[PDB]
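Have a look at the structure below before the remarks.
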Amino acid sequence: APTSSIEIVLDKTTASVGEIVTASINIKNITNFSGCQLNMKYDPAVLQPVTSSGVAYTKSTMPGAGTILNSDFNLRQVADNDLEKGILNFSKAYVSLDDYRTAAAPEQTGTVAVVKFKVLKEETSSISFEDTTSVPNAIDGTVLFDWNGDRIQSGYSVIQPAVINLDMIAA
Ligand SMILES: [N+]
Ligand SMILES: [N+]
Ligand SMILES: [N+]
Ligand SMILES: [N+]
Ligand SMILES: [N+]
Ligand SMILES: [N+]
Ligand SMILES: [N+]
Ligand SMILES: [N+]
């Protein structure tokens with residue numbers, strides 16, 4: 001596997017109508033990682049995002065908590081989703097960067113966000129980050145920041161696509 005990466009990891013390989021699929025956004029060895037802005041695309045005819053309580057996402061809904069970016073260094077969380085098109089766009093980053101650097105234990109590896117999806121149809125369907133004109137410096141729909149607030153411009157693999165029911169592929 002690549003030394004440094006971001007990947008959308010699914011808890012399931014296959015799913016029937018009515019099941020929940022959990023997508024974990026996992027980073028690995030991102031030097032001095034302090035936050036991200038991610039543009040994720042799914043097929044809204046096949047999957048429906050819901051919160052941990054089961055509530056359908058709205059425009060401002062953030063993904064669920066993972067295993068990192070859960071510390072109180074004044075986390076900034078902003079979402080701007082398009083549920084009609086199947087786009088989740090969210091920013092999640094520590095603001096208290098002086099305190100974060102001082103702690104000297106950067107969260108370089110872990111799950112930054114979790115998205116739970118209701119499976120609406122049993123068919124092959126993918127989830128991937130994708131570029132968007134609203135976020136021009138994205139690398140395959142991903143922007144990762146270090147703990148100086150600087151964009152990490154290279155060196156990590158965007159591992160894609162995540163696919164449910166690949167065994168049913170039409171192509
Ligand atoms: N999968
Ligand atoms: N959520
Ligand atoms: N954490
Ligand atoms: N955390
Ligand atoms: N803080
Ligand atoms: N804080
Ligand atoms: N992880
Ligand atoms: N990871």
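Chains: A, B, ... in order of the structure tokens. Residues: from 1 per chain. Ligands: from 1, in order shown.
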- [ ] Would you mind writing down, as a PyMOL selection string, each residue of range 44-150 of chain A that DSSP on the backbone assigns to alpha helix (DSSP H)?
- [x] chain A and resi 97-103
- [ ] Please identify the residues whose atoms come within 8 Å of ligand 4, using only C-alpha atoms and all ligand atoms, and report them as number ranges by chain.
- [x] A: 67-72, 107
Using the selection just defined, write its residues with N, CA and C atoms as an mmCIF file, in the first residue's frame.
data_model
loop_
_atom_site.group_PDB
_atom_site.id
_atom_site.type_symbol
_atom_site.label_atom_id
_atom_site.label_comp_id
_atom_site.auth_asym_id
_atom_site.auth_seq_id
_atom_site.Cartn_x
_atom_site.Cartn_y
_atom_site.Cartn_z
ATOM 1 N N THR A 67 -12.233 8.533 14.242
ATOM 2 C CA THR A 67 -11.299 8.258 15.336
ATOM 3 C C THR A 67 -10.280 9.371 15.580
ATOM 4 N N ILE A 68 -10.190 10.303 14.635
ATOM 5 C CA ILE A 68 -9.364 11.523 14.760
ATOM 6 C C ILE A 68 -10.182 12.756 14.341
ATOM 7 N N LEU A 69 -9.615 13.954 14.530
ATOM 8 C CA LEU A 69 -10.370 15.222 14.455
ATOM 9 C C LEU A 69 -11.558 15.301 15.433
ATOM 10 N N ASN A 70 -11.389 14.695 16.608
ATOM 11 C CA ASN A 70 -12.407 14.685 17.664
ATOM 12 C C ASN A 70 -11.968 15.454 18.895
ATOM 13 N N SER A 71 -10.774 16.046 18.821
ATOM 14 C CA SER A 71 -10.203 16.768 19.951
ATOM 15 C C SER A 71 -10.621 18.244 19.965
ATOM 16 N N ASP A 72 -10.668 18.821 21.159
ATOM 17 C CA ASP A 72 -11.097 20.201 21.303
ATOM 18 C C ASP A 72 -9.962 21.203 21.046
ATOM 19 N N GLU A 107 -2.290 14.012 14.373
ATOM 20 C CA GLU A 107 -3.140 12.881 14.003
ATOM 21 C C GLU A 107 -2.953 12.591 12.518
#
Task: Near-ligand residues for ligand 8, threshold 9 Å, only C-alpha atoms and all ligand atoms, as a ChimeraX atom specification - done: /A:5-7,25-29,108-112
- [ ] Any chance you could list, as a PyMOL selection string, the residues in range 42-167 of chain A that come up strand (DSSP E) when DSSP is run on the backbone?
- [x] chain A and resi 47-50+75-79+87-94+110-119+125-129+142-146+157-159+162-164
Selection from above, N, CA and C atoms, as a CSV table (one decimal), in the first residue's frame, can you write it?
chain,number,residue,atom,x,y,z
A,47,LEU,N,-27.9,5.2,-3.1
A,47,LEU,CA,-27.6,5.4,-1.7
A,47,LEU,C,-28.2,6.7,-1.1
A,48,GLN,N,-28.6,6.6,0.2
A,48,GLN,CA,-29.1,7.8,0.9
A,48,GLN,C,-28.3,8.0,2.2
A,49,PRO,N,-27.6,9.2,2.3
A,49,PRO,CA,-26.9,9.4,3.6
A,49,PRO,C,-27.8,9.7,4.8
A,50,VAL,N,-27.5,9.1,5.9
A,50,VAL,CA,-28.3,9.3,7.1
A,50,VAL,C,-27.3,9.5,8.3
A,75,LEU,N,-12.6,22.8,16.8
A,75,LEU,CA,-12.8,22.2,15.4
A,75,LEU,C,-13.8,23.1,14.7
A,76,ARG,N,-13.4,23.4,13.4
A,76,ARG,CA,-14.4,24.1,12.5
A,76,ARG,C,-15.0,23.1,11.5
A,77,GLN,N,-16.3,23.1,11.5
A,77,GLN,CA,-17.0,22.1,10.7
A,77,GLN,C,-18.1,22.9,9.9
A,78,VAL,N,-18.0,22.8,8.5
A,78,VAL,CA,-18.9,23.4,7.6
A,78,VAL,C,-19.2,22.4,6.5
A,79,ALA,N,-20.5,22.2,6.3
A,79,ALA,CA,-20.9,21.3,5.2
A,79,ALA,C,-21.8,22.1,4.2
A,87,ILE,N,-23.9,14.9,-3.7
A,87,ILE,CA,-22.6,15.4,-3.3
A,87,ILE,C,-22.5,15.8,-1.9
A,88,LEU,N,-21.5,15.3,-1.2
A,88,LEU,CA,-21.3,15.7,0.2
A,88,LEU,C,-20.0,16.6,0.1
A,89,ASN,N,-20.2,17.8,0.5
A,89,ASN,CA,-19.0,18.7,0.6
A,89,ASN,C,-18.8,19.2,2.0
A,90,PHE,N,-17.7,18.9,2.6
A,90,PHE,CA,-17.5,19.3,4.0
A,90,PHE,C,-16.1,19.7,4.3
A,91,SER,N,-15.9,20.6,5.2
A,91,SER,CA,-14.7,21.1,5.8
A,91,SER,C,-14.6,20.7,7.2
A,92,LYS,N,-13.5,20.2,7.7
A,92,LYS,CA,-13.4,19.8,9.1
A,92,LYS,C,-11.9,20.0,9.5
A,93,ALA,N,-11.6,20.9,10.4
A,93,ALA,CA,-10.2,21.3,10.7
A,93,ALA,C,-10.1,22.0,12.0
A,94,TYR,N,-9.0,21.7,12.7
A,94,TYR,CA,-8.7,22.4,14.0
A,94,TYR,C,-8.3,23.8,13.7
A,110,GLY,N,-5.8,7.8,10.7
A,110,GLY,CA,-7.1,7.5,11.3
A,110,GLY,C,-8.3,7.8,10.4
A,111,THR,N,-9.5,7.7,11.0
A,111,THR,CA,-10.8,7.9,10.3
A,111,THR,C,-11.2,9.3,10.7
A,112,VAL,N,-11.2,10.2,9.6
A,112,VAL,CA,-11.6,11.6,9.8
A,112,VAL,C,-13.1,11.9,9.9
A,113,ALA,N,-13.9,11.0,9.3
A,113,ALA,CA,-15.3,11.1,9.1
A,113,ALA,C,-15.9,9.8,8.7
A,114,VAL,N,-17.2,9.6,9.1
A,114,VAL,CA,-17.9,8.4,8.8
A,114,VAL,C,-19.3,8.8,8.2
A,115,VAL,N,-19.6,8.2,7.0
A,115,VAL,CA,-20.9,8.5,6.4
A,115,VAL,C,-21.7,7.2,6.3
A,116,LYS,N,-22.9,7.2,6.9
A,116,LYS,CA,-23.8,6.0,6.8
A,116,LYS,C,-24.8,6.2,5.7
A,117,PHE,N,-24.9,5.1,4.9
A,117,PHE,CA,-25.8,5.2,3.7
A,117,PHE,C,-26.9,4.1,3.8
A,118,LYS,N,-28.2,4.4,3.6
A,118,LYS,CA,-29.2,3.4,3.3
A,118,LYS,C,-29.1,3.0,1.8
A,119,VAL,N,-29.1,1.7,1.6
A,119,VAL,CA,-29.0,1.1,0.3
A,119,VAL,C,-30.4,1.0,-0.3
A,125,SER,N,-22.5,0.3,-7.3
A,125,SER,CA,-22.5,1.7,-7.1
A,125,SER,C,-21.2,2.2,-6.4
A,126,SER,N,-20.7,3.3,-6.9
A,126,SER,CA,-19.4,3.8,-6.4
A,126,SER,C,-19.5,5.1,-5.6
A,127,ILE,N,-18.6,5.3,-4.7
A,127,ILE,CA,-18.4,6.5,-3.9
A,127,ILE,C,-17.0,7.0,-4.1
A,128,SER,N,-16.8,8.2,-4.5
A,128,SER,CA,-15.4,8.7,-4.8
A,128,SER,C,-15.4,10.2,-4.5
A,129,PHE,N,-14.2,10.7,-4.2
A,129,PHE,CA,-14.0,12.1,-4.1
A,129,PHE,C,-13.8,12.6,-5.6
A,142,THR,N,-9.8,16.2,-3.0
A,142,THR,CA,-9.3,16.3,-1.7
A,142,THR,C,-8.4,17.5,-1.4
A,143,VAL,N,-8.6,18.1,-0.3
A,143,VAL,CA,-7.7,19.1,0.2
A,143,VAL,C,-7.3,18.8,1.7
A,144,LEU,N,-6.1,18.5,1.9
A,144,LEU,CA,-5.5,18.2,3.2
A,144,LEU,C,-4.6,19.3,3.7
A,145,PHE,N,-4.8,19.7,4.9
A,145,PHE,CA,-4.0,20.8,5.5
A,145,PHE,C,-3.0,20.3,6.6
A,146,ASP,N,-1.8,20.9,6.7
A,146,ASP,CA,-1.0,20.6,7.8
A,146,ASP,C,-1.3,21.6,9.0
A,157,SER,N,-1.7,9.3,-1.8
A,157,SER,CA,-2.5,8.6,-2.8
A,157,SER,C,-3.9,8.8,-2.5
A,158,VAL,N,-4.8,9.2,-3.5
A,158,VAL,CA,-6.2,9.2,-3.3
A,158,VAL,C,-6.7,7.8,-3.8
A,159,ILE,N,-6.9,6.9,-2.8
A,159,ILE,CA,-7.3,5.5,-3.2
A,159,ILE,C,-8.8,5.4,-3.5
A,162,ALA,N,-14.4,3.5,-4.0
A,162,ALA,CA,-15.1,2.6,-3.1
A,162,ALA,C,-16.3,2.1,-3.9
A,163,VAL,N,-16.6,0.8,-3.9
A,163,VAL,CA,-17.7,0.2,-4.7
A,163,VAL,C,-18.5,-0.8,-3.8
A,164,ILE,N,-19.8,-0.7,-3.8
A,164,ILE,CA,-20.7,-1.7,-3.2
A,164,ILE,C,-21.2,-2.5,-4.3
Task: Neighbour list for residue 101 in chain A as a list in words, cut-off 10 Å, only C-alpha atoms, skip fewer than 4 positions in-chain - done: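 In the requested form, the answer reads residues 32, 34, 96, 97, 105, 106, 146, 147 and 148 of chain A.
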Could you turn the residues from that selection into a file that holds N, CA and C atoms, as a PDB file, in the first residue's frame?
ATOM      1  N   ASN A  32       1.793  15.933   9.790  1.00  0.00           N
ATOM      2  CA  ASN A  32       1.295  17.085  10.549  1.00  0.00           C
ATOM      3  C   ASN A  32      -0.136  17.488  10.155  1.00  0.00           C
ATOM      4  N   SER A  34      -3.843  18.527  10.009  1.00  0.00           N
ATOM      5  CA  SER A  34      -4.713  19.278  10.924  1.00  0.00           C
ATOM      6  C   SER A  34      -6.182  19.430  10.488  1.00  0.00           C
ATOM      7  N   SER A  96      -7.413  25.971  16.526  1.00  0.00           N
ATOM      8  CA  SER A  96      -6.421  26.287  17.556  1.00  0.00           C
ATOM      9  C   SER A  96      -5.085  25.620  17.243  1.00  0.00           C
ATOM     10  N   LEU A  97      -4.463  26.082  16.164  1.00  0.00           N
ATOM     11  CA  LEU A  97      -3.276  25.410  15.633  1.00  0.00           C
ATOM     12  C   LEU A  97      -2.030  25.582  16.512  1.00  0.00           C
ATOM     13  N   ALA A 105       1.644  15.850  18.867  1.00  0.00           N
ATOM     14  CA  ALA A 105       1.157  14.492  18.608  1.00  0.00           C
ATOM     15  C   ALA A 105       0.170  14.542  17.433  1.00  0.00           C
ATOM     16  N   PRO A 106       0.661  14.903  16.229  1.00  0.00           N
ATOM     17  CA  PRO A 106      -0.264  15.126  15.125  1.00  0.00           C
ATOM     18  C   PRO A 106      -1.028  13.842  14.767  1.00  0.00           C
ATOM     19  N   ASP A 146      -1.850  20.926   6.686  1.00  0.00           N
ATOM     20  CA  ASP A 146      -0.964  20.626   7.813  1.00  0.00           C
ATOM     21  C   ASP A 146      -1.255  21.565   8.994  1.00  0.00           C
ATOM     22  N   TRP A 147      -0.468  21.458  10.062  1.00  0.00           N
ATOM     23  CA  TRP A 147      -0.790  22.168  11.295  1.00  0.00           C
ATOM     24  C   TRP A 147      -0.250  23.601  11.344  1.00  0.00           C
ATOM     25  N   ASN A 148       0.282  24.050  10.210  1.00  0.00           N
ATOM     26  CA  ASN A 148       0.545  25.467   9.979  1.00  0.00           C
ATOM     27  C   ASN A 148      -0.568  26.094   9.152  1.00  0.00           C
TER      28      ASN A 148
END
Task: Contacts of residue 82 in chain A at 10 Å (only C-alpha atoms; same-chain gap of 4+ positions) as a list in words - done: residues 41, 44, 57, 58, 59, 60, 86, 87, 88 and 89 of chain A
Selection export as an mmCIF file, in the first residue's frame, atoms kept: C-alpha atoms:
data_model
loop_
_atom_site.group_PDB
_atom_site.id
_atom_site.type_symbol
_atom_site.label_atom_id
_atom_site.label_comp_id
_atom_site.auth_asym_id
_atom_site.auth_seq_id
_atom_site.Cartn_x
_atom_site.Cartn_y
_atom_site.Cartn_z
ATOM 1 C CA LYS A 41 -19.824 11.914 -4.958
ATOM 2 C CA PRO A 44 -28.500 9.377 -4.867
ATOM 3 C CA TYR A 57 -28.771 14.638 5.604
ATOM 4 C CA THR A 58 -29.683 18.230 4.774
ATOM 5 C CA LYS A 59 -27.449 20.858 3.111
ATOM 6 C CA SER A 60 -25.562 21.637 6.363
ATOM 7 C CA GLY A 86 -25.397 13.154 -4.450
ATOM 8 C CA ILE A 87 -22.578 15.435 -3.349
ATOM 9 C CA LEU A 88 -21.260 15.711 0.188
ATOM 10 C CA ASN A 89 -18.985 18.680 0.600
#
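Checking A:130, A:53, A:65, A:156 one by one against residue 2 in chain A, counting only C-alpha atoms, you find the shortest gap at A:156.
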